[PDB]
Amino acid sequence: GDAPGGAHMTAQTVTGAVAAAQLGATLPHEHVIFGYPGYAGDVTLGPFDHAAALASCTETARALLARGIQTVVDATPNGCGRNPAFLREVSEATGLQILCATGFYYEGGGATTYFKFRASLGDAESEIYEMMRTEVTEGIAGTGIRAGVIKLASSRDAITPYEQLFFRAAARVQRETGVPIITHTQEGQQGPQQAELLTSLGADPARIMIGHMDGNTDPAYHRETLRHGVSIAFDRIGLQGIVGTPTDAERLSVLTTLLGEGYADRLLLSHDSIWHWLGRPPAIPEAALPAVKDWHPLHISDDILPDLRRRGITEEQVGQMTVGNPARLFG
């Protein structure tokens, strides 16, 4: 099929290099810990309880392994609580393999002030390129822990000029190292534009996963994106009818259509769940309880897969999505 072509390094997890064959079933987009930009400024009342986060996270890790999930890809942006050392902790404690990311979030929800300022003063793209390259090849913050993927994100109405700085830096790092790229699309838009842009810049589509594609329910939009040869992920499975999100029933309808059209090799599945929130614990209005009810990392293993199988999807298609595709994209 379409194999990764160009520079290449074996999958880097927070605990070191891992062979593609050892990745096993994988959730390509989750967040062990996560905090929206600003969470740190609420440190007095919402401090990080490391002991509790570690207990809870490892328990979630252990439950994933119970389900045969050997690997999780943590997509947390550098300014949203990324903590490679903590992920290494969670990994060494449970045996769950974790890959972390390098990247900043979309303009609308990221810690954008910094690079927007540096971009006004000089060559920010080049500076973003050096950070990503260093994090992928040498390590994050002096820990030696390397990023196994680059995380890119765009806004709803366009991939903004600020966002494009990151897309150009990542493309260059991609070309030079072969590292995988995973993305965020805001509210079901810009999937095709991200794929076009990344490929146009020389990024290997065999190493690109356009995310939150489940955010759009017109399969035409998905096919237009797949036309580029990149993989696409229904990665907010379980987050229903909230923040623009469709219902899982809607996602499944699109998914089985795409599956029935032969796209298994290019479909990945995830929850975009957060195991432990940073800042003060989120206050969940009762009315939103159903929207987040299945939004946890065991939902696909326990509800989705069995539901695709009973719908006609095959053990082979499911293994392609959950093991085949990840092995090739990140391995």
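A residue's number is simply how far along the shown sequence it sits, counting from 1.
Comparing 279-287 with 26-34, which has the greater mean CA B-factor as deposited?
Mean B over CA atoms: larger for 279-287.
Pick between 75-83 and 201-209: the one whose mean CA B-factor in the entry is higher.
Comparing 75-83 with 201-209, the higher average CA B-factor belongs to 201-209.
Can you tell me which of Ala153, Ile232, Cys100, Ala93 has the maximum CA B-factor listed in the PDB entry?
Of the candidates given, the C-alpha B-factor peaks at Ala93.
Which has the highest CA B-factor per the PDB entry: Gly148, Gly110, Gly122, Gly178?
In this record, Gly122 carries the highest C-alpha B-factor of the candidates.
Sorting the chain's CA B-factors, does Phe117 end up in the lowest, middle or highest third?
Its C-alpha B-factor, which the entry lists for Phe117, ranks in the highest third among residues of this chain.
Consider only the C-alpha atoms of the modelled residues in this chain, order them by B-factor as the entry records it, and name the third containing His222: lowest, middle or highest.
Middle third - that is where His222 ends up once the chain's C-alpha B-factors are sorted.
Sorting the chain's CA B-factors, does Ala11 end up in the lowest, middle or highest third?
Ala11: CA B-factor falls in the highest third of its chain.
Going by the entry, which third of its chain does the Cα temperature factor of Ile274 land in?
Within its chain, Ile274 is a lowest-third residue by C-alpha B-factor, going by the deposited values.
How does the C-alpha B factor of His184 compare with the rest of the chain: lowest, middle or highest third?
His184: CA B-factor falls in the lowest third of its chain.
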